[PDB]
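Below is one structure; the comments refer to it alone.
Protein chains: 4
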Amino acid sequence: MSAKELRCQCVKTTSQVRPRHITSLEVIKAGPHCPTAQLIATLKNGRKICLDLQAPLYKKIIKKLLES
Amino acid sequence: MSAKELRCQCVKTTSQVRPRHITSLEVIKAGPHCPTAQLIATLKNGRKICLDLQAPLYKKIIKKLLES
Amino acid sequence: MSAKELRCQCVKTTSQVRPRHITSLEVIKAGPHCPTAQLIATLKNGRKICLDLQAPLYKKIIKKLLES
Amino acid sequence: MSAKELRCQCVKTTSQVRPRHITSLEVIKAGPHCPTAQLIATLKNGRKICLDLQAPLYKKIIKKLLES
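Protein chains in written order, with PDB author numbering: chain C, 3 to 70; chain D, 3 to 70; chain B, 3 to 70; chain A, 3 to 70.
As structure tokens, then:
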């Protein structure tokens with residue numbers, strides 16, 4: 003009773019990408035297979051990386067979504 | 003300024019659902035077919051509705067995700 | 003006794019788009035709010051339309067994914 | 003086919019899960035960061051694993067989606 007078979011969709015934060023031409027991003031909390039916060043993203047060239055949710059980095063993303 | 007009536011994955015805000023047992027939600031900005039901010043979500047029972055991003059309602063969601 | 007307009011993320015089939023530069027597509031069955039088969043898609047320009055799952059149209063999509 | 007050291011979303015096929023109470027699954031082809039076919043999925047308990055697209059395993063999924 004806990005999780006069994008652990009597997010986070012994106013390992014570590016994929017901040018290597020910069021926020022700007024992004025398009026949409028998903029944000030999933032820490033499930034069983036993923037006890038760490040797991041948020042993924044999507045760019046203009048329909049591809050997907052992933053970022054964190056405990057810093058001002060993704061806050062610039064959501065803030066960039068509010069500006070419009 | 004913007005457009006209207008095209009192909010928004012979710013018409014109007016689906017706030018009829020309350021934030022609590024949710025699981026994850028996507029955040030899409032106003033594209034072409036969707037000049038309105040288009041945010042969709044996902045529940046614990048893998049289903050999906052959609053919320054807004056210009057009020058304190060979704061702020062309770064992201065805030066509920068920061069809690070953990 | 004369960005079949006009527008509820009909340010399908012995509013009403014009617016969005017076949018107006020042609021399969022070619024697509025990137026990825028979701029395949030959801032007919033849930034409660036969606037008694038109709040609900041398949042959504044994504045293009046190379048991170049956007050999303052939707053197609054059917056009972057014709058040779060989406061079979062050209064999956065077949066296009068098998069070719070590679 | 004593969005450049006050098008890329009970033010796939012789901013490593014290896016997550017067939018450890020059996021198809022039955024599933025809810026919906028994504029189908030992404032081999033991008034740049036993912037030269038391998040990258041198909042992800044979703045269960046009834048809004049979670050996400052991933053399967054392959056070159057065997058009869060996912061054919062039981064799509065076939066399970068056609069039956070209804």
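Note that CB positions come from ideal geometry on N, CA and C, so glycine has one too.
Rounded C-alpha distance that separates residue i from residue j
i, j, result
"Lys31 of chain B", "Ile51 of chain B", "16 Å"
"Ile42 of chain A", "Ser26 of chain C", "18 Å"
"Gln40 of chain B", "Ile63 of chain B", "15 Å"
"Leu67 of chain C", "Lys46 of chain C", "14 Å"
"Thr38 of chain B", "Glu28 of chain B", "15 Å"
"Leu59 of chain B", "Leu53 of chain B", "8 Å"
"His35 of chain B", "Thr44 of chain A", "18 Å"
"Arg22 of chain A", "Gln18 of chain C", "37 Å"
"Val13 of chain D", "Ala57 of chain A", "38 Å"
"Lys61 of chain B", "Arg20 of chain A", "24 Å"
"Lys65 of chain B", "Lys65 of chain D", "43 Å"
Terminal residues of the alpha helix (DSSP H) in which residue i lies
i, result
"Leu67 of chain A", "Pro58 to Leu68"
Enclosing beta strand (DSSP E) for residue i [first to last residue]
i, result
"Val29 of chain A", "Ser26 to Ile30"
"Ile42 of chain A", "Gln40 to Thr44"
Reference residue i; option with closest CA among the options
i, options, result
"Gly48 of chain D", "D:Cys36, D:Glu28, D:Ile24 and D:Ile63", "D:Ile24"
"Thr15 of chain A", "C:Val13, C:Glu28 and C:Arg9", "C:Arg9"
"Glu69 of chain D", "C:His35, C:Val19, C:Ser4 and C:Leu55", "C:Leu55"
"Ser4 of chain D", "D:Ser17, D:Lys61, D:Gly33 and D:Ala57", "D:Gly33"
The ligand NAP heavy atom lying under 8 Å from the CB of residue i
i, result
"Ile24 of chain D", "As presented, the structure is devoid of all ligands, the ligand NAP included, so that no description of it is given."
Residue environment, residue i, which counts as buried when at least 16 other CB atoms sit within 10 Å
i, result
"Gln11 of chain B", "buried"
"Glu7 of chain C", "exposed"
### Query
What residues in the stretch 27 to 40 of chain C bring their beta carbon closer than 9 Å to a beta carbon of chain D?
Cβ contacts with chain D come from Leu27, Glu28, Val29, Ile30, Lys31, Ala32, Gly33, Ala39 and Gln40.
### Query
Taking a cut of 8 Å between CB atoms, which residues from the stretch 43 to 57 of chain B lie near chain D?
Sequence-ordered contacts of the stretch 43 to 57 of chain B with chain D read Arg49, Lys50 and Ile51 [C-beta pairs closer than 8 Å].
### Task
Give the residues from the stretch 14 to 27 of chain C that approach chain B closer than 9 Å (Cβ to any Cβ), ordered along the chain.
Flagged, chain order: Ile24, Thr25 and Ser26.
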